[PDB]
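Undergrad: Let me give you the structure first, and then I'll get to my questions.
Protein chains in written order, with our numbering: chain A, 1233 to 1479; chain B, 385 to 635; chain C, 10 to 269; chain D, 5 to 257.
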């Protein structure tokens, strides 16, 4: 016997056509939610719609464009009459690694535009429709890089810290309206180095791990969870193992 | 093409010990873990209450008298559990006490601080040590603590209580670092919940903390769905500990 | 005395506020001080007041050309750069809802607060790494430690600065460079489009009423003193530190103590 | 020059290590310093060397009667107490597994580190609340900021201290009293300890520098002085950035 942990819920998932987003689309759909996929990869997005069927729709959305975000939220509410979950998952990386001496102003702005501005716009317009409902859940995909240095580039790390901080500040403002705000912060595998240097040996981060954290946070199981940075990194961001490794 | 949900027995096959399991959060978690297919050992010092849960829930739930500050009690709790079921999957160090709901450092008795520490910190220490004893040779396991939202913000608990729960968070993270080498996850759940005032001054309007909220956080952490969650302080407080609302309220 | 003897420091936003306090304090402690700002009259006034050891450069911290010139001119003047204090910062509003926050406002705040900090750290690192020494400082804010204090755009940008500061502490520690930030309470902003002086006064007045540390009021000197400790050799092993100056506001939710 | 002129400071653990470094440094900046320790001979040698503005009180910080005597005599000597520096601390081991931690060892580390700080802040608050002024300091540890650095018993006790510091900052701020801690990187048998200190200096984040006791005393001096008049609730970490980074990825490249 099985259960639908999101029955009747309406969820928007940016970056939903691939990776963590698509995993969360499939999982939310499995748990009875109507899912709006928001992305810029129309071929992938529409394919998920054809696979899963009527409860899933695709909308082209550049999250850095406020008009796209407005259309995304407004057509979803028009379609389904309500918005329960805004999952600002879309993200990009400027580089795997690199020095501050070599970062370009334009790359930093591109990473900020998608990661921070997009999540900001997504939260603004979800709050726009959620506040009159007196209920809702706003989620962000942050990153373990927001909890510890040495995991990402300076631009990416700065952008993800900003998301976590935006998360806490929105939980403070929107709590008065019954709206919960949280984020999920994964380690890697958005495997070789990650699994070897990771803290939890014998485990590997899979996209489903992030989706399942988002599912918990988005469900009524998390009815009193707000302001939480739900880190999914096997404990990587709580340790500096330089001593253990040298003992 | 047809949605199929999550299986209702998320802890099927797992063996879990819940200290403080005879009332409150612990009893809520016992019932929820039982509903999810776990074998559950209630560890407490309220024997009549704990056995009444077992009589209601049946054979998958048993009771063990355990003062968590007593290492012999903890050792026996872990050892009887392994003898009964062959393994230990989840060690939920939930038992906790308070010296007072509130009070000044000037009033705080040394003996009260020590009793709060014995149960909350030393007991959690002992429970983790003996869970790890059997858990390291399995190369798997989940060790949990009930900490408190007062480990994330001041103004919510007494000094003794708040200090003991910070210690638990620190212990959780240190243990996540050591035992991760053996595949073992370590996390805590930090609940918000004088109770009438906590509900009025909470950050999340339109909802009140109920013990099932905490049980659900513990279920998530204990489940294989959280297989890459370690070192996490899972706060369940509606945002209370992320905000100083003094100036919001002065606008 | 003279905790910064012979040291060369750049202070963005140095013509007013905390920046101007830090300019004076560093100068009293023997530093050469380059003021970087866009209030030319105010900055030249300070230069005329303090003498040869203090100099002014018109600098838009969001402009990389400006930052590149500010660093290189400083090096050409004094042959080294010891302290880069990325203090310039603006708010969009003293308070306000996410629902009426404008994209352009967020982008403007990011441009000064985050991109300007990024650019300042980049060009300081360019000359400090060969030195195998240097100290890079940011003025963040107490709102990077607690919600309820700044707007969403401002708070996000200051969290971003704290993250940058820690990430730079990890990269630049290998070269002997320390990176820290100071995070004050109160309302902290230079001149900015649509920043009312009435609204700032009203909020600064409320913040002094609801502060945690009674009997004291935060002054610009308090923040300058924190920057001076961090910049001095007395902080030789201090890096990655968010030095919060807020009287304890960000560690407490006093809703229970108030209601009791 | 003298950054603590007129101030009266108690420094537990003041006869050696960080405590003795702070005792010297505070005295050099004009403070009256009461050394509180259980190394009577070392502590009295400091007093003889520095003169009558420095005194010694035998005090086991886990004993309340010792703590009360310490505070009360200090106030009797000088009429006030400005700074309560709860610096005394012990480790159980340099490093070890949870599997071999002994209950008694954990209780002893808690007794000195946490209960001692608790008691010292209690009786300091007793005298500074009527003054409507004071600064209460703790020596915590960088291992309260990151895992992998201290043993479980030590780390738990220093986390507890950081949380006590913040909770006191909240209660006592209404009386104008500031509460902060300093959290040093170093480990601070003797060879056991030196081995780990040497290893810490090899794996530190900040290259070209080593933590010295004077670094920690300097952080305490800043926090104790009027230069930090609006600093409360602060965990002043002194660790060259070690606790903000996991270099595992950097190092594998």
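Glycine included, each C-beta is placed from N, C-alpha and C at the ideal position.
Can you find a CB in chain B that lies within less than 8 Å of the CB of residue 94 of chain C?
TA: Residue 94 of chain C does not count as touching chain B.
Undergrad: Just to confirm the assignment, what range does the beta strand (DSSP E) spanning residue 60 of chain D have?
TA: Note, residue 60 of chain D: beta strand (DSSP E), 58-62.
Undergrad: So, are the CB atoms of residue 1335 of chain A and residue 1390 of chain A less than 8 Å apart?
TA: No, these two residues do not count as a Cβ contact at 8 Å.
Undergrad: Report back the beta-carbon spacing between residue 165 of chain D and residue 139 of chain D to the nearest angstrom; my notes put them in contact at under 8 Å.
TA: Wrong, their Cβ atoms sit about 16 Å apart, outside the cutoff.
Undergrad: Would you check if the segment 73-90 of chain D and the segment 11-20 of chain D touch, i.e. whether three or more CB-CB distances between them fall below 8 Å?
TA: Cβ pair count under 8 Å is three or more, so yes.
Undergrad: Counting only C-beta atoms, is residue 1 of chain D closer than 8 Å to chain C at any point?
TA: In this structure chain D extends from 5 to 257, so residue 1 of chain D is not present and cannot be described.
Undergrad: Check the Cβ of residue 1469 of chain A against every Cβ in chain D and list those closer than 7 Å, keeping chain order.
TA: The answer, in chain order, is 250.
Undergrad: Does the CB of residue 486 of chain B have a neighbour CB from chain C at under 8 Å?
TA: Chain C contact via Cβ: present.
Undergrad: Starting from residue 139 of chain C, follow the alpha helix (DSSP H) in both directions and report where the run begins and ends.
TA: Run containing residue 139 of chain C: 125-140, per the alpha helix (DSSP H) assignment.
Undergrad: Does any residue of chain A bring its CB to less than 8 Å from the CB of residue 388 of chain B?
TA: It does: the Cβ of residue 388 of chain B has a partner Cβ on chain A nearer than 8 Å.
Undergrad: Who are the Cβ neighbours of residue 54 of chain D in its own chain at under 6 Å, not counting the five residues just before and after it?
TA: For residue 54 of chain D, where only same-chain residues beyond five positions count, the Cβ hits under 6 Å are 31.
Undergrad: When the Cα of residue 619 of chain B is compared with those of A:1461, A:1465 and A:1472, which residue comes out closest?
TA: Considering only alpha carbons, the answer is A:1461.
Undergrad: For residue 33 of chain D, go through chain F and note every residue whose CB falls closer than 7 Å to its CB, in chain order.
TA: No chain F appears in the structure shown, which is made up of the protein chains A, B, C and D.
Undergrad: Mind checking whether residue 180 of chain D and residue 136 of chain D have CB atoms under 8 Å apart?
TA: Yes, the pair counts as a contact, with Cβ atoms nearer than the cut-off.
Undergrad: Would you mind telling me which residues of chain C sit closer than 7 Å to residue 219 of chain D, beta carbon to beta carbon, in chain order?
TA: In chain order: 245 and 246.
Undergrad: Could you round the C-beta distance between residue 1346 of chain A and residue 1422 of chain A to whole angstroms and report it? I think they count as a contact, below 8 Å.
TA: So it is not a contact: roughly 13 Å between Cβ atoms.
Undergrad: Tell whether a beta-carbon distance below 8 Å holds between residue 107 of chain D and residue 395 of chain B.
TA: No.
Undergrad: DSSP three-state label for residue 55 of chain C, please.
TA: In this structure, residue 55 of chain C counts as helix in the three-state DSSP scheme.
Undergrad: Do three or more CB pairs link the segment 203-211 of chain D to the segment 229-236 of chain C at distances below 8 Å?
TA: No, the segment 203-211 of chain D does not touch the segment 229-236 of chain C.
Undergrad: Compare the C-beta of residue 210 of chain C against all C-beta atoms of chain B and say whether one is closer than 8 Å.
TA: Chain B contact via Cβ: absent.
Undergrad: Indicate whether residue 426 of chain B and residue 399 of chain B have their beta-carbon atoms separated by less than 8 Å.
TA: No. Outside cutoff.
Undergrad: Under a Cβ-count criterion, where at least 16 other Cβ atoms within 10 Å of its own Cβ denotes burial, should residue 415 of chain B be classed as buried or exposed?
TA: Burial call: buried.
Undergrad: Buried or exposed, going by whether 16 or more other CB atoms sit within 10 Å of the CB of residue 564 of chain B?
TA: By the 10 Å Cβ count, residue 564 of chain B comes out buried.
Undergrad: Please classify residue 443 of chain B as buried or exposed, where buried requires at least 16 neighbouring CB atoms within 10 angstroms.
TA: That one is exposed.
Undergrad: If I measure Cβ to Cβ from residue 67 of chain C and keep anything under 7 Å in the same chain, skipping five residues before and after, which residues do I get?
TA: 47 and 49, listed in sequence order.
Undergrad: I'd like to know whether the C-beta of residue 391 of chain B is nearer than 8 Å to at least one C-beta of chain A.
TA: Chain A contact via Cβ: present.
Undergrad: Just reading off the alpha helix (DSSP H) that residue 189 of chain C is part of, what are its end residues?
TA: Premise fails: residue 189 of chain C lies in the beta strand (DSSP E), 187-193, not in any alpha helix (DSSP H).
Undergrad: Just how far apart, CA to CA, sit residue 203 of chain D and residue 1478 of chain A?
TA: Spanning the two alpha carbons is a distance of roughly 8 Å.
Undergrad: Based on the DSSP secondary-structure assignment, which residues constitute the bridge partners of residue 1245 of chain A?
TA: For residue 1245 of chain A, which the question treats as bridged, DSSP gives the partners A:1269 and A:1319.
Undergrad: Please classify residue 237 of chain C: does DSSP put it in a helix, a strand, or coil?
TA: In this structure, residue 237 of chain C counts as helix in the three-state DSSP scheme.
Undergrad: Give me the subset of the segment 210-226 of chain C whose CB atoms are less than 7 Å from a CB atom of chain D, sorted by chain position.
TA: Cβ contacts with chain D come from 221, 222, 223, 224 and 225.
Undergrad: Got a sec: is the Cβ-Cβ distance from residue 124 of chain C to anything in chain A below 8 Å?
TA: So, interface residue.
Undergrad: Could you say which of A:1290, A:1297 and A:1322 lies nearest to residue 1307 of chain A if we only look at CA atoms?
TA: The shortest C-alpha separation from residue 1307 of chain A is found at A:1290.
Undergrad: Return the chain-ordered list of same chain residues with a C-beta closer than 6 Å to the C-beta of residue 497 of chain B, the five sequence neighbours on each side being excluded.
TA: The answer, listed in chain order, is 544.
Undergrad: Helix or strand or just coil, what does DSSP make of residue 1464 of chain A?
TA: It is a strand residue.
Undergrad: Please list, in chain order, all residues of the same chain as residue 1264 of chain A whose beta carbon is under 6 Å from its beta carbon, the five residues on each side excluded.
TA: Here the set comprises 1236, 1238 and 1239.
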